[PDB]
Amino acid sequence: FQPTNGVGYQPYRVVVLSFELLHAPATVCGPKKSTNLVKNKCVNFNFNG
Amino acid sequence: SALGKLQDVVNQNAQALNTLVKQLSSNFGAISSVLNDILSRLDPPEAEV
């Protein structure tokens, strides 16, 4: 790795996020606000994604 | 068993319906057999596929 190297040979930092979705209890989550829960009424729900 | 011919008919119909319901559990090559999961995980560009 030298600064004069061609772009194809320039260093690149790589991060690979691996995550199984909607399978088991989840701990990591995105930015959202948990609202109240309503029973016996038809609702558009979103539980943990 | 005397009325098997009738029972058969009933049974046959049931099987048909049952299989149809279970056919909802197949991916058919998609990434998930659940429409809600695909809609929750992908944007329209690939959710359409």
# chains A, B, ... in the order shown; residues from 1 in each chain; ligands from 1
$ interface_residues --of "chain B" --to "chain A" --cutoff "12 Å" --atoms "only C-alpha atoms" --output "number ranges by chain"
B: 32, 34, 36-42
$ write_last_selection --atoms "N, CA, C and O atoms" --output "PDB file, in the first residue's frame"
ATOM      1  N   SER B  32     -38.474 -16.212   0.923  1.00  0.00           N
ATOM      2  CA  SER B  32     -39.314 -16.548   2.064  1.00  0.00           C
ATOM      3  C   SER B  32     -40.724 -16.818   1.563  1.00  0.00           C
ATOM      4  O   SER B  32     -41.187 -16.164   0.626  1.00  0.00           O
ATOM      5  N   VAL B  34     -43.352 -16.221   3.235  1.00  0.00           N
ATOM      6  CA  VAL B  34     -44.243 -15.310   3.942  1.00  0.00           C
ATOM      7  C   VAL B  34     -44.204 -13.963   3.240  1.00  0.00           C
ATOM      8  O   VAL B  34     -43.142 -13.335   3.140  1.00  0.00           O
ATOM      9  N   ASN B  36     -45.550 -11.148   4.215  1.00  0.00           N
ATOM     10  CA  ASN B  36     -45.276 -10.070   5.161  1.00  0.00           C
ATOM     11  C   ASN B  36     -43.785  -9.921   5.433  1.00  0.00           C
ATOM     12  O   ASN B  36     -43.283  -8.800   5.544  1.00  0.00           O
ATOM     13  N   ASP B  37     -43.058 -11.036   5.546  1.00  0.00           N
ATOM     14  CA  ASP B  37     -41.617 -10.944   5.771  1.00  0.00           C
ATOM     15  C   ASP B  37     -40.909 -10.303   4.583  1.00  0.00           C
ATOM     16  O   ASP B  37     -40.016  -9.465   4.761  1.00  0.00           O
ATOM     17  N   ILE B  38     -41.293 -10.683   3.363  1.00  0.00           N
ATOM     18  CA  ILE B  38     -40.689 -10.083   2.177  1.00  0.00           C
ATOM     19  C   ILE B  38     -40.986  -8.591   2.124  1.00  0.00           C
ATOM     20  O   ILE B  38     -40.111  -7.779   1.800  1.00  0.00           O
ATOM     21  N   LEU B  39     -42.220  -8.202   2.455  1.00  0.00           N
ATOM     22  CA  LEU B  39     -42.560  -6.782   2.449  1.00  0.00           C
ATOM     23  C   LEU B  39     -41.828  -6.025   3.550  1.00  0.00           C
ATOM     24  O   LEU B  39     -41.515  -4.842   3.383  1.00  0.00           O
ATOM     25  N   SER B  40     -41.551  -6.685   4.675  1.00  0.00           N
ATOM     26  CA  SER B  40     -40.856  -6.049   5.783  1.00  0.00           C
ATOM     27  C   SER B  40     -39.348  -5.998   5.585  1.00  0.00           C
ATOM     28  O   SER B  40     -38.675  -5.222   6.270  1.00  0.00           O
ATOM     29  N   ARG B  41     -38.803  -6.799   4.668  1.00  0.00           N
ATOM     30  CA  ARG B  41     -37.359  -6.896   4.509  1.00  0.00           C
ATOM     31  C   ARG B  41     -36.818  -6.270   3.234  1.00  0.00           C
ATOM     32  O   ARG B  41     -35.623  -5.966   3.183  1.00  0.00           O
ATOM     33  N   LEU B  42     -37.649  -6.057   2.216  1.00  0.00           N
ATOM     34  CA  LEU B  42     -37.175  -5.574   0.928  1.00  0.00           C
ATOM     35  C   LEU B  42     -38.009  -4.396   0.446  1.00  0.00           C
ATOM     36  O   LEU B  42     -39.204  -4.295   0.734  1.00  0.00           O
TER      37      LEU B  42
END
$ select_by_dssp --residues "chain B" --states "helix (DSSP H, G or I)" --output "NGL selection string"
:B and (4-25 or 35-41 or 44-47)
$ write_last_selection --atoms "N, CA, C and O atoms" --output "short mmCIF file (atom, residue, chain, number, x, y, z; two decimals), in the first residue's frame"
data_model
loop_
_atom_site.label_atom_id
_atom_site.label_comp_id
_atom_site.auth_asym_id
_atom_site.auth_seq_id
_atom_site.Cartn_x
_atom_site.Cartn_y
_atom_site.Cartn_z
N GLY B 4 -68.10 -46.26 2.11
CA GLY B 4 -66.79 -45.73 1.75
C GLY B 4 -66.84 -44.82 0.54
O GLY B 4 -66.20 -43.77 0.53
N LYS B 5 -67.60 -45.22 -0.48
CA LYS B 5 -67.69 -44.42 -1.70
C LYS B 5 -68.05 -42.97 -1.39
O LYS B 5 -67.49 -42.04 -1.99
N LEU B 6 -68.98 -42.75 -0.46
CA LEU B 6 -69.28 -41.39 -0.06
C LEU B 6 -68.13 -40.78 0.73
O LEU B 6 -67.65 -39.69 0.40
N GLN B 7 -67.63 -41.51 1.74
CA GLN B 7 -66.55 -41.00 2.57
C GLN B 7 -65.36 -40.59 1.72
O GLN B 7 -64.85 -39.47 1.85
N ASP B 8 -64.92 -41.49 0.83
CA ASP B 8 -63.87 -41.19 -0.13
C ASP B 8 -64.04 -39.79 -0.70
O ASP B 8 -63.17 -38.93 -0.55
N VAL B 9 -65.21 -39.54 -1.30
CA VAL B 9 -65.49 -38.24 -1.90
C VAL B 9 -65.15 -37.14 -0.91
O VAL B 9 -64.26 -36.31 -1.15
N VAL B 10 -65.81 -37.16 0.25
CA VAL B 10 -65.54 -36.17 1.29
C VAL B 10 -64.04 -36.07 1.53
O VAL B 10 -63.43 -35.01 1.34
N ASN B 11 -63.43 -37.20 1.86
CA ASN B 11 -62.00 -37.22 2.16
C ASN B 11 -61.23 -36.55 1.04
O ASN B 11 -60.43 -35.63 1.28
N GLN B 12 -61.50 -36.96 -0.20
CA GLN B 12 -60.76 -36.42 -1.34
C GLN B 12 -60.82 -34.90 -1.32
O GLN B 12 -59.78 -34.23 -1.31
N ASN B 13 -62.04 -34.35 -1.23
CA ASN B 13 -62.19 -32.90 -1.22
C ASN B 13 -61.32 -32.30 -0.13
O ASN B 13 -60.51 -31.40 -0.39
N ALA B 14 -61.44 -32.83 1.09
CA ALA B 14 -60.66 -32.30 2.20
C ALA B 14 -59.19 -32.25 1.83
O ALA B 14 -58.55 -31.19 1.90
N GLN B 15 -58.65 -33.37 1.33
CA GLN B 15 -57.24 -33.43 0.99
C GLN B 15 -56.88 -32.27 0.08
O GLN B 15 -55.96 -31.50 0.37
N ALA B 16 -57.66 -32.09 -0.99
CA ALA B 16 -57.42 -30.99 -1.92
C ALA B 16 -57.24 -29.69 -1.15
O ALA B 16 -56.15 -29.10 -1.15
N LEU B 17 -58.28 -29.29 -0.41
CA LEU B 17 -58.22 -28.03 0.31
C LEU B 17 -57.00 -28.00 1.20
O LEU B 17 -56.22 -27.03 1.18
N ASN B 18 -56.76 -29.08 1.95
CA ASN B 18 -55.64 -29.12 2.86
C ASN B 18 -54.34 -28.83 2.12
O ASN B 18 -53.59 -27.92 2.50
N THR B 19 -54.11 -29.54 1.01
CA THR B 19 -52.88 -29.32 0.26
C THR B 19 -52.77 -27.86 -0.16
O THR B 19 -51.71 -27.24 0.00
N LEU B 20 -53.87 -27.29 -0.65
CA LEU B 20 -53.87 -25.89 -1.05
C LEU B 20 -53.33 -25.02 0.08
O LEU B 20 -52.42 -24.21 -0.12
N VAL B 21 -53.86 -25.21 1.29
CA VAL B 21 -53.42 -24.41 2.43
C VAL B 21 -51.92 -24.62 2.65
O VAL B 21 -51.16 -23.65 2.80
N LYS B 22 -51.48 -25.87 2.62
CA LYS B 22 -50.06 -26.14 2.84
C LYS B 22 -49.21 -25.59 1.72
O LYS B 22 -48.03 -25.29 1.94
N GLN B 23 -49.78 -25.41 0.53
CA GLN B 23 -49.02 -24.81 -0.56
C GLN B 23 -48.66 -23.36 -0.27
O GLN B 23 -47.79 -22.81 -0.97
N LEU B 24 -49.29 -22.73 0.72
CA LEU B 24 -48.89 -21.39 1.13
C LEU B 24 -47.57 -21.38 1.90
O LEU B 24 -47.06 -20.29 2.18
N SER B 25 -47.03 -22.54 2.23
CA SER B 25 -45.79 -22.63 3.01
C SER B 25 -44.56 -22.81 2.13
O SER B 25 -43.47 -23.06 2.65
N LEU B 35 -45.36 -13.53 2.75
CA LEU B 35 -45.44 -12.25 2.04
C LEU B 35 -45.09 -11.09 2.96
O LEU B 35 -44.42 -10.14 2.55
N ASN B 36 -45.55 -11.15 4.22
CA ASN B 36 -45.28 -10.07 5.16
C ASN B 36 -43.78 -9.92 5.43
O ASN B 36 -43.28 -8.80 5.54
N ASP B 37 -43.06 -11.04 5.55
CA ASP B 37 -41.62 -10.94 5.77
C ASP B 37 -40.91 -10.30 4.58
O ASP B 37 -40.02 -9.46 4.76
N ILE B 38 -41.29 -10.68 3.36
CA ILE B 38 -40.69 -10.08 2.18
C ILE B 38 -40.99 -8.59 2.12
O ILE B 38 -40.11 -7.78 1.80
N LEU B 39 -42.22 -8.20 2.46
CA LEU B 39 -42.56 -6.78 2.45
C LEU B 39 -41.83 -6.02 3.55
O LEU B 39 -41.52 -4.84 3.38
N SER B 40 -41.55 -6.69 4.67
CA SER B 40 -40.86 -6.05 5.78
C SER B 40 -39.35 -6.00 5.58
O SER B 40 -38.67 -5.22 6.27
N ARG B 41 -38.80 -6.80 4.67
CA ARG B 41 -37.36 -6.90 4.51
C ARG B 41 -36.82 -6.27 3.23
O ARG B 41 -35.62 -5.97 3.18
N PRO B 44 -39.53 -2.09 -2.87
CA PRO B 44 -40.27 -2.55 -4.06
C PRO B 44 -39.38 -3.06 -5.17
O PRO B 44 -39.75 -4.05 -5.83
N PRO B 45 -38.22 -2.43 -5.46
CA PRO B 45 -37.39 -2.94 -6.58
C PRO B 45 -37.14 -4.44 -6.56
O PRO B 45 -37.15 -5.07 -7.63
N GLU B 46 -36.91 -5.05 -5.39
CA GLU B 46 -36.69 -6.48 -5.29
C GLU B 46 -37.85 -7.23 -4.64
O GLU B 46 -38.03 -8.43 -4.89
N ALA B 47 -38.64 -6.54 -3.81
CA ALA B 47 -39.90 -7.11 -3.35
C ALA B 47 -40.78 -7.49 -4.53
O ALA B 47 -41.52 -8.47 -4.44
#
$ atom_distance --atom1 "CA of residue 28 in chain B" --atom2 "CA of residue 48 in chain B"
14.4 Å
$ atom_distance --atom1 "CA of residue 29 in chain A" --atom2 "CA of residue 48 in chain A"
7.5 Å
$ decode --residues "range 31-42 of chain A" --atoms "N, CA and C atoms" --output "PDB file, in the first residue's frame"
ATOM      1  N   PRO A  31     -34.236   2.642  14.852  1.00  0.00           N
ATOM      2  CA  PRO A  31     -34.871   3.774  15.540  1.00  0.00           C
ATOM      3  C   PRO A  31     -36.376   3.773  15.319  1.00  0.00           C
ATOM      4  N   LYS A  32     -37.120   3.471  16.378  1.00  0.00           N
ATOM      5  CA  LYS A  32     -38.574   3.483  16.333  1.00  0.00           C
ATOM      6  C   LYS A  32     -39.097   3.597  17.755  1.00  0.00           C
ATOM      7  N   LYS A  33     -40.349   4.025  17.874  1.00  0.00           N
ATOM      8  CA  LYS A  33     -40.992   4.216  19.166  1.00  0.00           C
ATOM      9  C   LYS A  33     -42.084   3.171  19.349  1.00  0.00           C
ATOM     10  N   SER A  34     -42.021   2.447  20.462  1.00  0.00           N
ATOM     11  CA  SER A  34     -43.014   1.429  20.780  1.00  0.00           C
ATOM     12  C   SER A  34     -44.296   2.096  21.262  1.00  0.00           C
ATOM     13  N   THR A  35     -45.396   1.852  20.557  1.00  0.00           N
ATOM     14  CA  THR A  35     -46.675   2.433  20.928  1.00  0.00           C
ATOM     15  C   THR A  35     -47.419   1.496  21.879  1.00  0.00           C
ATOM     16  N   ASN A  36     -48.618   1.907  22.282  1.00  0.00           N
ATOM     17  CA  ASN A  36     -49.442   1.082  23.151  1.00  0.00           C
ATOM     18  C   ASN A  36     -50.006  -0.108  22.376  1.00  0.00           C
ATOM     19  N   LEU A  37     -50.517  -1.084  23.121  1.00  0.00           N
ATOM     20  CA  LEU A  37     -51.021  -2.326  22.551  1.00  0.00           C
ATOM     21  C   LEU A  37     -52.534  -2.373  22.719  1.00  0.00           C
ATOM     22  N   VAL A  38     -53.235  -2.682  21.631  1.00  0.00           N
ATOM     23  CA  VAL A  38     -54.691  -2.760  21.607  1.00  0.00           C
ATOM     24  C   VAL A  38     -55.086  -4.178  21.225  1.00  0.00           C
ATOM     25  N   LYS A  39     -55.959  -4.785  22.021  1.00  0.00           N
ATOM     26  CA  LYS A  39     -56.435  -6.134  21.762  1.00  0.00           C
ATOM     27  C   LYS A  39     -57.843  -6.107  21.182  1.00  0.00           C
ATOM     28  N   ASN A  40     -58.230  -7.232  20.581  1.00  0.00           N
ATOM     29  CA  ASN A  40     -59.569  -7.476  20.052  1.00  0.00           C
ATOM     30  C   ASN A  40     -59.988  -6.463  18.991  1.00  0.00           C
ATOM     31  N   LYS A  41     -59.052  -5.679  18.462  1.00  0.00           N
ATOM     32  CA  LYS A  41     -59.327  -4.718  17.404  1.00  0.00           C
ATOM     33  C   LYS A  41     -58.349  -4.924  16.257  1.00  0.00           C
ATOM     34  N   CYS A  42     -58.859  -4.841  15.031  1.00  0.00           N
ATOM     35  CA  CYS A  42     -58.028  -5.039  13.850  1.00  0.00           C
ATOM     36  C   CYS A  42     -57.025  -3.902  13.716  1.00  0.00           C
TER      37      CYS A  42
END
